[PDB]
């Protein structure tokens, strides 16, 4: 719980001041813990952050599990999962901390190892869709693993670098992408 409290407090601080501005001092002092207990649970700020990301990751996966009930077929799932990514990220509180963190340790192979396992989970979602799609003749894909990585990265770019138009138009583009990409399969 002292650990859970650290995670909880830390999260709010990152949300409030981004990754860089947040100090383990604050986290310690605000969660009424100690540098010693923090170091024992996470060693470094980098790591602490990574765990929070892991936890958020599971919340997302859990939200998806419930949200996909609105999408019957796998082609629909693809449409919905992308839509979701776009909208949720628009107002995700940690988004800012993530950017900071990401663009700081993406050069360091150390803090890039754990980051991979995390991203893979995110891709996994797609792997599932395309695979279940094969068992339903919605499409026939030779190597799911490749397409999955492609969709995941193409969708995120469309999400990250689109920042400029009204959310309404964004969805339209995102859905157009789904349409096209799903059509480039078959």
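Residue numbers count along the first chain shown, from 1.
Mean C-alpha B-factor is higher over 106-114 than over the other stretch, the pair under comparison being 106-114 and 91-99. When 130-138 is weighed against 23-31, 130-138 comes out higher, by mean CA B-factor as recorded in the entry. Per the PDB record, 66 has a higher Cα B-factor than any other of 45, 59, 66, 41. Sorting the modelled residues of the chain by their CA temperature factor places residue 164 in the highest third. Split the chain's modelled residues into thirds by C-alpha temperature factor. Residue 6 is in the lowest one. When the modelled residues of the chain are ordered by their C-alpha B factor, residue 148 lands in the middle third.
Per-chain ranking of the deposited C-alpha B factor places residue 156 in the middle third.
Ranked by Cα temperature factor within the chain, residue 182 sits in the middle third according to the deposited record.
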